[PDB]
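Because the Cβ atoms are built from the backbone with ideal geometry, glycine has one as well, and the counts that use them run over all protein chains shown. A short reminder: the numbers here are calculations on the coordinates, not readings from a lab.
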Amino acid sequence: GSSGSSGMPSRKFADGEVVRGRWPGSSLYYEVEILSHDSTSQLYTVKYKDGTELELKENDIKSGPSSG
């Protein structure tokens, strides 16, 4: 009822946050970091351990339980 969006636009993922991304072709979720987020095509730019940058949809990217 006219409630929810207030303050700043919460993004499914934050900058730097370490989430699991599904590499294109491998169909497997790997530990990747959040670099940027493109709204145009909802493509998120994450980085892999092997210094690799790719564009994964908001859905392709998934996160788990926080630890620390």
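Structural remarks
- Length released on extending from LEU28 to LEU43, taking residue separation times 0.36 nm less the Cα-Cα span: 3.7 nm
- Among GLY16, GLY25, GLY51, the residue with the largest mean-square fluctuation in a Gaussian network model of the chain, with springs joining Cα atoms closer than 10 Å, is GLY25.
- Taking the convex hull of Cα positions in the chain, its mean projected area over all directions (nm²): 6.4 nm²
- Taken one residue at a time, the phi angles of the range 38-46 give Karplus couplings (6.51, -1.76, 1.60, θ = phi - 60°) of 8, 7, 2, 10, 6, 9, 8, 9, 10 Hz. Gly and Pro are set to x.
- Whole-Hz Karplus values for the range 12-24 come out as 2, 10, 9, 6, x, 3, 9, 10, 9, x, 8, 4, x Hz, taken residue by residue from phi with 6.51 cos²θ - 1.76 cosθ + 1.60 and θ = phi - 60°; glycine and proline positions read x.
- Taking the fewest neighbouring Cβ atoms within 10 Å as the starting point, the ordered list for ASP60, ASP50, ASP15 is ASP50, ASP15, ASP60.
- Extension reserve of the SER6-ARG20 stretch, reckoned as 0.36 nm per residue once the Cα distance is removed: 2.3 nm
- Amide proton proximity set for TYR30, modelled H, under 5 Å, gap of 5+: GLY21, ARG22, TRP23
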